[PDB]
file run-v8.cif (mmCIF, C-alpha atoms)
data_upload
loop_
_atom_site.group_PDB
_atom_site.id
_atom_site.type_symbol
_atom_site.label_atom_id
_atom_site.label_comp_id
_atom_site.auth_asym_id
_atom_site.auth_seq_id
_atom_site.Cartn_x
_atom_site.Cartn_y
_atom_site.Cartn_z
ATOM 1 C CA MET B 1 -29.064 20.544 1.129
ATOM 2 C CA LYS B 2 -28.611 17.638 -1.273
ATOM 3 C CA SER B 3 -25.385 16.458 0.346
ATOM 4 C CA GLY B 4 -24.731 14.377 3.444
ATOM 5 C CA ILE B 5 -25.160 10.870 4.837
ATOM 6 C CA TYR B 6 -27.886 8.496 3.703
ATOM 7 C CA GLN B 7 -29.052 4.919 4.134
ATOM 8 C CA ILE B 8 -30.382 2.258 1.777
ATOM 9 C CA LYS B 9 -32.633 0.085 3.901
ATOM 10 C CA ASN B 10 -33.939 -3.428 3.333
ATOM 11 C CA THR B 11 -37.603 -3.042 4.361
ATOM 12 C CA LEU B 12 -37.839 -6.756 5.117
ATOM 13 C CA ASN B 13 -35.256 -6.979 7.917
ATOM 14 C CA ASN B 14 -34.387 -3.313 8.509
ATOM 15 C CA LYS B 15 -30.696 -3.871 7.690
ATOM 16 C CA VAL B 16 -29.057 -0.863 6.056
ATOM 17 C CA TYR B 17 -26.192 0.340 3.911
ATOM 18 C CA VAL B 18 -24.882 3.721 5.033
ATOM 19 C CA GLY B 19 -23.266 5.995 2.465
ATOM 20 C CA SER B 20 -22.344 9.628 1.804
ATOM 21 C CA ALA B 21 -22.917 11.746 -1.309
ATOM 22 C CA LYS B 22 -22.672 15.220 -2.831
ATOM 23 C CA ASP B 23 -26.107 14.679 -4.394
ATOM 24 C CA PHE B 24 -28.491 12.132 -2.842
ATOM 25 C CA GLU B 25 -30.675 11.530 -5.911
ATOM 26 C CA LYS B 26 -27.682 11.123 -8.219
ATOM 27 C CA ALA B 27 -26.003 8.843 -5.692
ATOM 28 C CA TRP B 28 -29.077 6.641 -5.278
ATOM 29 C CA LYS B 29 -29.527 6.342 -9.037
ATOM 30 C CA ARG B 30 -25.900 5.263 -9.350
ATOM 31 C CA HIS B 31 -26.153 2.685 -6.592
ATOM 32 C CA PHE B 32 -29.285 1.100 -7.997
ATOM 33 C CA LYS B 33 -27.930 1.098 -11.533
ATOM 34 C CA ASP B 34 -25.020 -0.967 -10.181
ATOM 35 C CA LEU B 35 -27.358 -3.286 -8.267
ATOM 36 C CA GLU B 36 -29.436 -3.926 -11.396
ATOM 37 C CA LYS B 37 -26.229 -4.911 -13.169
ATOM 38 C CA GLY B 38 -25.034 -7.059 -10.292
ATOM 39 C CA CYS B 39 -22.091 -4.782 -9.636
ATOM 40 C CA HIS B 40 -22.767 -2.826 -6.455
ATOM 41 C CA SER B 41 -19.614 -1.969 -4.507
ATOM 42 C CA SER B 42 -20.982 -3.986 -1.562
ATOM 43 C CA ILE B 43 -21.307 -7.684 -2.332
ATOM 44 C CA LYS B 44 -23.446 -7.973 0.796
ATOM 45 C CA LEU B 45 -25.971 -5.466 -0.526
ATOM 46 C CA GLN B 46 -25.788 -7.039 -3.995
ATOM 47 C CA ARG B 47 -26.525 -10.511 -2.704
ATOM 48 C CA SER B 48 -29.394 -9.140 -0.634
ATOM 49 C CA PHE B 49 -30.765 -7.468 -3.794
ATOM 50 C CA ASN B 50 -30.269 -10.617 -5.876
ATOM 51 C CA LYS B 51 -32.176 -12.662 -3.299
ATOM 52 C CA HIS B 52 -35.007 -10.359 -2.177
ATOM 53 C CA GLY B 53 -35.406 -8.134 -5.205
ATOM 54 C CA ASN B 54 -36.055 -4.434 -4.731
ATOM 55 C CA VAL B 55 -37.244 -4.184 -1.147
ATOM 56 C CA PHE B 56 -34.961 -1.222 -0.492
ATOM 57 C CA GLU B 57 -35.770 2.375 0.427
ATOM 58 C CA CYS B 58 -33.298 5.250 0.225
ATOM 59 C CA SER B 59 -33.532 8.120 2.708
ATOM 60 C CA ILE B 60 -31.387 10.906 4.122
ATOM 61 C CA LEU B 61 -29.907 10.363 7.581
ATOM 62 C CA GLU B 62 -28.184 13.736 7.918
ATOM 63 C CA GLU B 63 -27.801 16.689 5.574
ATOM 64 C CA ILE B 64 -24.318 18.170 5.736
ATOM 65 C CA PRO B 65 -21.897 19.977 3.389
ATOM 66 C CA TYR B 66 -19.745 17.509 1.485
ATOM 67 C CA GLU B 67 -16.656 18.321 3.543
ATOM 68 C CA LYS B 68 -14.077 15.505 3.486
ATOM 69 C CA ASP B 69 -13.320 15.413 7.231
ATOM 70 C CA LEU B 70 -16.903 16.007 8.326
ATOM 71 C CA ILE B 71 -18.231 13.402 5.895
ATOM 72 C CA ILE B 72 -15.826 10.670 6.998
ATOM 73 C CA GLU B 73 -16.587 11.458 10.636
ATOM 74 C CA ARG B 74 -20.381 11.421 10.290
ATOM 75 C CA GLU B 75 -20.360 8.536 7.812
ATOM 76 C CA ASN B 76 -18.442 6.357 10.278
ATOM 77 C CA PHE B 77 -20.682 7.743 13.012
ATOM 78 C CA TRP B 78 -23.847 6.455 11.355
ATOM 79 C CA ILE B 79 -22.221 3.136 10.456
ATOM 80 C CA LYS B 80 -21.422 2.533 14.125
ATOM 81 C CA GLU B 81 -24.759 3.849 15.425
ATOM 82 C CA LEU B 82 -26.746 1.683 13.025
ATOM 83 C CA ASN B 83 -24.236 -1.185 13.330
ATOM 84 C CA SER B 84 -24.381 -1.349 9.518
ATOM 85 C CA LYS B 85 -21.000 -3.050 9.198
ATOM 86 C CA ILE B 86 -21.523 -6.108 11.409
ATOM 87 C CA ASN B 87 -25.305 -6.235 10.980
ATOM 88 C CA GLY B 88 -25.648 -4.215 7.790
ATOM 89 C CA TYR B 89 -24.449 -4.090 4.191
ATOM 90 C CA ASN B 90 -21.355 -1.949 4.689
ATOM 91 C CA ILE B 91 -18.046 -3.746 4.113
ATOM 92 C CA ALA B 92 -15.678 -1.209 5.683
ATOM 93 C CA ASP B 93 -15.251 2.147 7.414
ATOM 94 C CA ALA B 94 -15.891 5.367 5.471
ATOM 95 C CA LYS M 2 -3.090 14.782 -12.414
ATOM 96 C CA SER M 3 -6.448 15.494 -14.076
ATOM 97 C CA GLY M 4 -7.670 15.437 -17.662
ATOM 98 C CA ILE M 5 -8.586 13.056 -20.468
ATOM 99 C CA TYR M 6 -7.080 9.586 -20.738
ATOM 100 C CA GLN M 7 -7.348 6.391 -22.736
ATOM 101 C CA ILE M 8 -7.232 2.715 -21.861
ATOM 102 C CA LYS M 9 -5.880 1.157 -25.025
ATOM 103 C CA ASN M 10 -5.882 -2.399 -26.265
ATOM 104 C CA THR M 11 -2.303 -2.646 -27.559
ATOM 105 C CA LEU M 12 -3.319 -5.536 -29.821
ATOM 106 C CA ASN M 13 -5.593 -3.499 -32.093
ATOM 107 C CA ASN M 14 -5.228 0.072 -30.805
ATOM 108 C CA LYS M 15 -8.930 0.258 -29.891
ATOM 109 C CA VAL M 16 -9.471 2.515 -26.902
ATOM 110 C CA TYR M 17 -11.765 3.539 -24.107
ATOM 111 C CA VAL M 18 -11.663 7.293 -23.532
ATOM 112 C CA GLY M 19 -12.255 8.663 -20.062
ATOM 113 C CA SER M 20 -11.746 11.661 -17.790
ATOM 114 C CA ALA M 21 -10.481 11.928 -14.226
ATOM 115 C CA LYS M 22 -9.599 14.278 -11.394
ATOM 116 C CA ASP M 23 -6.742 11.895 -10.605
ATOM 117 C CA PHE M 24 -5.354 9.669 -13.371
ATOM 118 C CA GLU M 25 -3.607 7.070 -11.187
ATOM 119 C CA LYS M 26 -6.669 6.840 -8.936
ATOM 120 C CA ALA M 27 -9.097 6.467 -11.837
ATOM 121 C CA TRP M 28 -6.986 3.808 -13.590
ATOM 122 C CA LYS M 29 -6.761 1.870 -10.335
ATOM 123 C CA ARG M 30 -10.561 1.851 -9.958
ATOM 124 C CA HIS M 31 -11.146 0.918 -13.594
ATOM 125 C CA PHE M 32 -8.869 -2.091 -13.492
ATOM 126 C CA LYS M 33 -10.219 -3.317 -10.169
ATOM 127 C CA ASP M 34 -13.662 -3.194 -11.804
ATOM 128 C CA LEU M 35 -12.307 -5.132 -14.798
ATOM 129 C CA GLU M 36 -10.850 -7.814 -12.521
ATOM 130 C CA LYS M 37 -14.271 -8.094 -10.863
ATOM 131 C CA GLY M 38 -15.984 -8.292 -14.247
ATOM 132 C CA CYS M 39 -17.775 -5.096 -13.345
ATOM 133 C CA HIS M 40 -16.463 -2.388 -15.637
ATOM 134 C CA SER M 41 -19.227 0.034 -16.637
ATOM 135 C CA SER M 42 -18.293 -0.585 -20.280
ATOM 136 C CA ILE M 43 -19.374 -4.097 -21.246
ATOM 137 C CA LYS M 44 -17.341 -3.758 -24.445
ATOM 138 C CA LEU M 45 -14.167 -3.058 -22.462
ATOM 139 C CA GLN M 46 -15.086 -5.789 -19.965
ATOM 140 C CA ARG M 47 -15.486 -8.374 -22.741
ATOM 141 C CA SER M 48 -12.306 -7.264 -24.473
ATOM 142 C CA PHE M 49 -10.462 -7.582 -21.161
ATOM 143 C CA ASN M 50 -11.961 -11.023 -20.491
ATOM 144 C CA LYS M 51 -10.922 -12.130 -23.979
ATOM 145 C CA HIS M 52 -7.398 -10.687 -24.305
ATOM 146 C CA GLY M 53 -6.179 -10.268 -20.750
ATOM 147 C CA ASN M 54 -2.990 -8.363 -19.909
ATOM 148 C CA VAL M 55 -2.721 -6.280 -23.108
ATOM 149 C CA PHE M 56 -4.134 -2.914 -21.990
ATOM 150 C CA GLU M 57 -2.152 0.300 -21.504
ATOM 151 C CA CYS M 58 -3.269 3.463 -19.713
ATOM 152 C CA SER M 59 -2.022 6.869 -20.815
ATOM 153 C CA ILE M 60 -2.883 10.553 -20.635
ATOM 154 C CA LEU M 61 -4.351 12.167 -23.736
ATOM 155 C CA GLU M 62 -4.749 15.656 -22.340
ATOM 156 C CA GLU M 63 -3.869 17.184 -18.990
ATOM 157 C CA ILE M 64 -6.385 19.840 -17.911
ATOM 158 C CA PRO M 65 -8.131 21.004 -14.722
ATOM 159 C CA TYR M 66 -11.314 19.083 -13.976
ATOM 160 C CA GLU M 67 -13.970 21.583 -15.050
ATOM 161 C CA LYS M 68 -17.189 19.719 -15.915
ATOM 162 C CA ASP M 69 -18.002 21.477 -19.203
ATOM 163 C CA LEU M 70 -14.418 21.659 -20.464
ATOM 164 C CA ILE M 71 -13.892 18.006 -19.534
ATOM 165 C CA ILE M 72 -17.088 16.972 -21.335
ATOM 166 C CA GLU M 73 -16.076 18.894 -24.458
ATOM 167 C CA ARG M 74 -12.573 17.441 -24.580
ATOM 168 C CA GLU M 75 -13.930 14.023 -23.639
ATOM 169 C CA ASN M 76 -16.145 14.165 -26.732
ATOM 170 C CA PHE M 77 -13.338 15.611 -28.819
ATOM 171 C CA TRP M 78 -11.131 12.593 -28.139
ATOM 172 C CA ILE M 79 -13.911 10.025 -28.439
ATOM 173 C CA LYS M 80 -14.600 11.316 -31.958
ATOM 174 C CA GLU M 81 -10.922 11.747 -32.761
ATOM 175 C CA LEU M 82 -10.269 8.135 -31.791
ATOM 176 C CA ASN M 83 -13.606 6.753 -33.060
ATOM 177 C CA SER M 84 -13.890 5.090 -29.638
ATOM 178 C CA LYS M 85 -17.670 4.553 -29.652
ATOM 179 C CA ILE M 86 -18.105 2.734 -32.962
ATOM 180 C CA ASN M 87 -14.655 1.125 -33.087
ATOM 181 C CA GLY M 88 -13.748 1.415 -29.430
ATOM 182 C CA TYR M 89 -14.928 0.551 -25.944
ATOM 183 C CA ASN M 90 -16.926 3.669 -25.144
ATOM 184 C CA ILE M 91 -20.705 3.259 -24.968
ATOM 185 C CA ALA M 92 -22.441 4.093 -28.261
ATOM 186 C CA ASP M 93 -25.093 6.823 -28.307
#
call {"tool": "encode", "arguments": {"input": "run-v8.cif", "output": "structure tokens"}}
result
Amino acid sequence: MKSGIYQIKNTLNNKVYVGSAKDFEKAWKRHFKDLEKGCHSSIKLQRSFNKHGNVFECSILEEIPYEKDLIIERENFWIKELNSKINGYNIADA
Amino acid sequence: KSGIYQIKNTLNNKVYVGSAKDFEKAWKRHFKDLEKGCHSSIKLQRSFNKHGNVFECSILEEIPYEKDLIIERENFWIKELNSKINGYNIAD
């Protein structure tokens, strides 16, 4: 499916931003449109983008139905497993 | 709680027309973006930076959030309020 949890990874240091979406492609386009404008929801990801340019790759981590409870659970799951909060670009829990 | 709304500049009545599944929620996100200088509408962002605390949010039409219907009514109000040429909505 086109829904589930994904990651935006900095190919230079492997740090990631974990997110969830109903449509991966549409979500990724939105996130990069914001980055290009300097307005991504994560100031950590934005500053990384500002500094390194576009060294990021988007990819699906887990395809799952966009179900509120399941999404929050798996989104926080991946954040913890990839340590994307402390050593990533996430700024909070799902 | 869903439908078409407007963010109006009470100084000149110019508006930004938008749609939402949850009015209060949408307005909250739009103003946080304005405070951060990150509203998707640069025209609204500039107006906000220039005039400050003069904007008022209100519902134009309450209707269930059905993509097509929303789009149609969204366009109806944009044209009715001339919000693209003399407003804060993005021009085609």
call {"tool": "residues_around", "arguments": {"input": "run-v8.cif", "residues": "residue 23 in chain M", "least_positions_apart": "2", "cutoff": "6 Å", "atoms": "only C-alpha atoms", "output": "JSON list (two decimals) with C-alpha atoms, in the frame of the given file"}}
result
[["chain", "number", "residue", "atom", "x", "y", "z"],
["M", 2, "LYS", "CA", -3.09, 14.78, -12.41],
["M", 3, "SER", "CA", -6.45, 15.49, -14.08],
["M", 21, "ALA", "CA", -10.48, 11.93, -14.23],
["M", 25, "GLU", "CA", -3.61, 7.07, -11.19],
["M", 26, "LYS", "CA", -6.67, 6.84, -8.94]]
call {"tool": "closest_atom_pairs", "arguments": {"input": "run-v8.cif", "of": "chain M", "to": "chain B", "cutoff": "9 Å", "atoms": "only C-alpha atoms", "output": "Markdown table"}}
result
| residue | atom | partner | partner_atom | distance |
| --- | --- | --- | --- | --- |
| M:34 | CA | B:39 | CA | 8.8 |
| M:37 | CA | B:39 | CA | 8.6 |
| M:38 | CA | B:39 | CA | 8.4 |
| M:39 | CA | B:39 | CA | 5.7 |
| M:40 | CA | B:39 | CA | 8.6 |
| M:41 | CA | B:34 | CA | 8.7 |
call {"tool": "resolve_selection", "arguments": {"input": "run-v8.cif", "expression": "the PyMOL selection byres ((chain B and resi 53) around 12)", "output": "list in words"}}
result
residues 10, 11, 12, 32, 35, 36, 38, 45, 46, 47, 48, 49, 50, 51, 52, 54, 55, 56 and 57 of chain B
call {"tool": "residues_around", "arguments": {"input": "run-v8.cif", "residues": "residue 4 in chain B", "least_positions_apart": "2", "cutoff": "8 Å", "atoms": "only C-alpha atoms", "output": "PyMOL selection string"}}
result
chain B and resi 1-2+6+20-24+60-66+71
call {"tool": "atom_distance", "arguments": {"input": "run-v8.cif", "atom1": "CA of residue 89 in chain M", "atom2": "CA of residue 44 in chain M"}}
result
5.2 Å
call {"tool": "atom_distance", "arguments": {"input": "run-v8.cif", "atom1": "CA of residue 62 in chain M", "atom2": "CA of residue 83 in chain M"}}
result
16.5 Å
call {"tool": "residues_around", "arguments": {"input": "run-v8.cif", "residues": "range 49-51 of chain M", "least_positions_apart": "5", "cutoff": "12 Å", "atoms": "only C-alpha atoms", "output": "PyMOL selection string"}}
result
chain M and resi 8-12+15-17+31-40+42-44+56-57+89
call {"tool": "decode", "arguments": {"input": "run-v8.cif", "residues": "range 19-59 of chain M", "atoms": "N, CA and C atoms", "output": "JSON list (two decimals), in the first residue's frame"}}
result
[["chain", "number", "residue", "atom", "x", "y", "z"],
["M", 19, "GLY", "N", -9.90, 29.17, 3.01],
["M", 19, "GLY", "CA", -9.36, 27.84, 3.21],
["M", 19, "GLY", "C", -10.44, 26.84, 3.58],
["M", 20, "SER", "N", -10.06, 25.57, 3.64],
["M", 20, "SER", "CA", -10.98, 24.50, 4.01],
["M", 20, "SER", "C", -10.35, 23.65, 5.10],
["M", 21, "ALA", "N", -11.18, 23.01, 5.92],
["M", 21, "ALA", "CA", -10.66, 22.20, 7.00],
["M", 21, "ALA", "C", -11.61, 21.11, 7.45],
["M", 22, "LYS", "N", -11.05, 20.09, 8.08],
["M", 22, "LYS", "CA", -11.84, 18.99, 8.62],
["M", 22, "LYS", "C", -12.20, 19.40, 10.04],
["M", 23, "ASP", "N", -11.41, 20.32, 10.58],
["M", 23, "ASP", "CA", -11.60, 20.83, 11.93],
["M", 23, "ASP", "C", -11.15, 22.29, 11.99],
["M", 24, "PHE", "N", -12.12, 23.20, 11.96],
["M", 24, "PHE", "CA", -11.85, 24.63, 11.98],
["M", 24, "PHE", "C", -10.86, 25.11, 13.04],
["M", 25, "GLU", "N", -11.15, 24.84, 14.31],
["M", 25, "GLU", "CA", -10.28, 25.27, 15.40],
["M", 25, "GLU", "C", -8.85, 24.76, 15.22],
["M", 26, "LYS", "N", -8.74, 23.50, 14.82],
["M", 26, "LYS", "CA", -7.45, 22.85, 14.60],
["M", 26, "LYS", "C", -6.68, 23.52, 13.46],
["M", 27, "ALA", "N", -7.37, 23.74, 12.34],
["M", 27, "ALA", "CA", -6.76, 24.37, 11.19],
["M", 27, "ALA", "C", -6.28, 25.79, 11.52],
["M", 28, "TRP", "N", -7.14, 26.58, 12.16],
["M", 28, "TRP", "CA", -6.78, 27.96, 12.51],
["M", 28, "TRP", "C", -5.57, 28.01, 13.43],
["M", 29, "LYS", "N", -5.48, 27.03, 14.32],
["M", 29, "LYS", "CA", -4.37, 26.94, 15.26],
["M", 29, "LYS", "C", -3.08, 26.73, 14.46],
["M", 30, "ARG", "N", -3.10, 25.78, 13.53],
["M", 30, "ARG", "CA", -1.92, 25.48, 12.71],
["M", 30, "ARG", "C", -1.52, 26.64, 11.79],
["M", 31, "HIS", "N", -2.51, 27.36, 11.27],
["M", 31, "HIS", "CA", -2.21, 28.47, 10.38],
["M", 31, "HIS", "C", -1.54, 29.62, 11.11],
["M", 32, "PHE", "N", -2.01, 29.92, 12.31],
["M", 32, "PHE", "CA", -1.42, 31.01, 13.06],
["M", 32, "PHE", "C", -0.06, 30.64, 13.66],
["M", 33, "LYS", "N", 0.16, 29.37, 13.97],
["M", 33, "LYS", "CA", 1.47, 28.99, 14.47],
["M", 33, "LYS", "C", 2.45, 29.18, 13.31],
["M", 34, "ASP", "N", 2.02, 28.82, 12.10],
["M", 34, "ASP", "CA", 2.88, 28.99, 10.93],
["M", 34, "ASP", "C", 3.17, 30.47, 10.70],
["M", 35, "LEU", "N", 2.16, 31.32, 10.90],
["M", 35, "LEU", "CA", 2.35, 32.76, 10.72],
["M", 35, "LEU", "C", 3.37, 33.29, 11.73],
["M", 36, "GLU", "N", 3.26, 32.85, 12.98],
["M", 36, "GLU", "CA", 4.20, 33.29, 14.01],
["M", 36, "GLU", "C", 5.63, 32.88, 13.67],
["M", 37, "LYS", "N", 5.76, 31.74, 12.99],
["M", 37, "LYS", "CA", 7.06, 31.21, 12.60],
["M", 37, "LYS", "C", 7.53, 31.79, 11.27],
["M", 38, "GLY", "N", 6.68, 32.60, 10.65],
["M", 38, "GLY", "CA", 7.02, 33.20, 9.37],
["M", 38, "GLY", "C", 7.01, 32.13, 8.29],
["M", 39, "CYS", "N", 6.23, 31.08, 8.53],
["M", 39, "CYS", "CA", 6.16, 29.98, 7.59],
["M", 39, "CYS", "C", 4.80, 29.63, 7.00],
["M", 40, "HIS", "N", 3.92, 30.62, 6.87],
["M", 40, "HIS", "CA", 2.62, 30.32, 6.31],
["M", 40, "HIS", "C", 2.80, 30.01, 4.83],
["M", 41, "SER", "N", 2.09, 29.01, 4.32],
["M", 41, "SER", "CA", 2.22, 28.63, 2.92],
["M", 41, "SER", "C", 1.90, 29.77, 1.95],
["M", 42, "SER", "N", 1.12, 30.75, 2.42],
["M", 42, "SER", "CA", 0.78, 31.90, 1.59],
["M", 42, "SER", "C", 1.71, 33.04, 1.95],
["M", 43, "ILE", "N", 2.64, 33.37, 1.06],
["M", 43, "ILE", "CA", 3.58, 34.45, 1.33],
["M", 43, "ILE", "C", 2.84, 35.78, 1.43],
["M", 44, "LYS", "N", 1.74, 35.92, 0.70],
["M", 44, "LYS", "CA", 0.96, 37.16, 0.77],
["M", 44, "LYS", "C", 0.36, 37.32, 2.16],
["M", 45, "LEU", "N", -0.18, 36.24, 2.72],
["M", 45, "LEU", "CA", -0.75, 36.31, 4.06],
["M", 45, "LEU", "C", 0.39, 36.53, 5.06],
["M", 46, "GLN", "N", 1.50, 35.82, 4.87],
["M", 46, "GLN", "CA", 2.65, 35.97, 5.77],
["M", 46, "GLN", "C", 3.14, 37.41, 5.84],
["M", 47, "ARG", "N", 3.28, 38.05, 4.68],
["M", 47, "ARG", "CA", 3.73, 39.44, 4.61],
["M", 47, "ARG", "C", 2.72, 40.38, 5.24],
["M", 48, "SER", "N", 1.44, 40.13, 4.98],
["M", 48, "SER", "CA", 0.39, 40.97, 5.54],
["M", 48, "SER", "C", 0.44, 40.87, 7.06],
["M", 49, "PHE", "N", 0.62, 39.65, 7.55],
["M", 49, "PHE", "CA", 0.69, 39.40, 8.99],
["M", 49, "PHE", "C", 1.92, 40.08, 9.59],
["M", 50, "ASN", "N", 3.05, 39.99, 8.90],
["M", 50, "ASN", "CA", 4.28, 40.62, 9.39],
["M", 50, "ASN", "C", 4.13, 42.14, 9.44],
["M", 51, "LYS", "N", 3.40, 42.68, 8.47],
["M", 51, "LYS", "CA", 3.18, 44.12, 8.39],
["M", 51, "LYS", "C", 2.13, 44.71, 9.32],
["M", 52, "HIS", "N", 0.99, 44.03, 9.48],
["M", 52, "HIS", "CA", -0.09, 44.56, 10.30],
["M", 52, "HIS", "C", -0.26, 43.97, 11.69],
["M", 53, "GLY", "N", 0.27, 42.77, 11.91],
["M", 53, "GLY", "CA", 0.15, 42.16, 13.22],
["M", 53, "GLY", "C", -1.22, 41.61, 13.58],
["M", 54, "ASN", "N", -1.59, 41.84, 14.84],
["M", 54, "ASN", "CA", -2.83, 41.37, 15.45],
["M", 54, "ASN", "C", -4.14, 41.97, 14.93],
["M", 55, "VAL", "N", -4.39, 41.87, 13.62],
["M", 55, "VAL", "CA", -5.62, 42.41, 13.05],
["M", 55, "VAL", "C", -6.47, 41.36, 12.32],
["M", 56, "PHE", "N", -6.03, 40.11, 12.33],
["M", 56, "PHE", "CA", -6.75, 39.06, 11.63],
["M", 56, "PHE", "C", -7.83, 38.33, 12.44],
["M", 57, "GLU", "N", -8.93, 38.00, 11.76],
["M", 57, "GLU", "CA", -10.06, 37.31, 12.36],
["M", 57, "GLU", "C", -10.45, 36.08, 11.55],
["M", 58, "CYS", "N", -10.60, 34.96, 12.25],
["M", 58, "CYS", "CA", -10.99, 33.70, 11.62],
["M", 58, "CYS", "C", -12.48, 33.47, 11.78],
["M", 59, "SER", "N", -13.13, 33.01, 10.72],
["M", 59, "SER", "CA", -14.56, 32.73, 10.79],
["M", 59, "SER", "C", -14.95, 31.71, 9.75]]
